[PDB]
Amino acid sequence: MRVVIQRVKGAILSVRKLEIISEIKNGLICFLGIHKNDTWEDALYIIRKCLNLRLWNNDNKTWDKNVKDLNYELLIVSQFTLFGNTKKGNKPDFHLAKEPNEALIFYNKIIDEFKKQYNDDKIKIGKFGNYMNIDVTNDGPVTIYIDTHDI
C-alpha cells in the first residue's frame, strides 16, 4: 500500500453534479493507493501512521504534534496512479494496482477503520472511481511518502 500525505490548511473536493461534496480545514490530505496484494495489515500500518505522524510543531520543538492532538481533519482520496510504473516508458503502467471493484470494498473498510481509530466527523473522503477536483491549500508545503512494502 502506498500513500502520499500532504499537510494542508484546507481542501475542497468537488465532482460533477462541479459540485462540492467534501471539505476539511486544517489537517491532512492522504492520496491512497491499494496494491493488488495489499492485506489488512498493510492498511492498518497506513492508518496509524496517518493518524499519529507528527507533522506539526510545538512552540518547544519541531515535528511534535499529530492530527489528533490538534483536533484536525483528514481527507482520504483513492489514487491508483501511485502504482503508475514509469520505469519502462513515459506511458505509466498501472499493472500493480488492485482492480477497482475489490479496491472499492477494501477502501471502504479502511475508511471505516480511520473513523473507529479517530472520529466520524474528522474523516472525509472523495468519490471513488469518479473524476475529482480538489482545491488544496498546502501548508509548508509538507509532503510525506510511505510504501508499506518497504517493511
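Whichever C-alpha set is largest while still superposing within 1.5 Å between the two forms counts as the rigid core. Quick note: we count residues from 1 along the sequence shown, nothing fancier.
Once the structures in 8 other deposited structures of this protein are superposed via the core, the pair 51-59 and 24-32 is resolved in favour of 51-59 as the more displaced stretch (C-alpha RMS). Note: missing coordinates for residue 17 occur in a third or more of the other compared entries bracketing this position. According to the record, the deposited sequence contains 4 to 9 residues between residue 17 and residue 18 that were left without coordinates. Stretch comparison (115-123 versus 41-49) by mean CA B-factor in the PDB entry places 115-123 on top. Among all modelled residues in this chain, the alpha-carbon of residue 134 has a temperature factor (C-alpha) in the middle third. Ranked against the other modelled residues of its chain, the C-alpha B-factor of residue 54 as given in the entry falls in the lowest third. In this PDB entry, residue 105 carries a Cα temperature factor that places it within the highest third of its chain's modelled residues.
In the deposited entry, the Cα temperature factor of residue 86 places it in the middle third of its chain's modelled residues.
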